[PDB]
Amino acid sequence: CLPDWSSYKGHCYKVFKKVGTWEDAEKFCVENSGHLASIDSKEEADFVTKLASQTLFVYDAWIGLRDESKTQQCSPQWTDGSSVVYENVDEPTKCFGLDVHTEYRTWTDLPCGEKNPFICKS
């Protein structure tokens, strides 16, 4: 891995302090031959949580998970069975990041347009 990235089980990781929207974050990681971090096991999770805890608790940190539904929120239907077409969600939260409130131990849904530090994986 580059001198300023960390190596773990075949991958290279780096936490970037420069804040950006989820989308910009992904593009920056891509530019560095990677993507926003994907976590596939509890062990990998614990590593990412440790890296984040030792590099950053005032901000959440972007990871590569996103709610791909086309609607503002995830439910495709109301309890009365009618389809969800009209929507008026105050602030949709479709992008995920490490929750600062659990010391980056869990994941939370956030506004994709919010500026937060992020973590790349390649």
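Residue positions are given as counts along the sequence shown, with the first one as 1.
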Study note, to complete from the structure: As the entry stands, the deposited residues without coordinates between residue 45 and residue 46 add up to none
**Study point:** Higher-scoring stretch by recorded Cα B factor average, 19 to 27 or 105 to 113
**Key:** 19 to 27
Check your understanding: 28 to 36 versus 59 to 67: which one carries the higher mean Cα B factor per the record?
Key -> 28 to 36
Review point. Residue 12's Cα B-factor: lowest, middle or highest third of the chain?
Key: highest
**Study point:** Modelled-residue ranking by C-alpha temperature factor, third containing residue 82
**Key:** lowest
Review point. For residue 93, does the deposited CA B-factor place it in the lowest, middle or highest third of the chain?
Key: lowest
Exercise for review: Would you please rank residue 53 by its C-alpha temperature factor against the other modelled residues of its chain and give the third it falls in: lowest, middle or highest?
Suggested key: middle
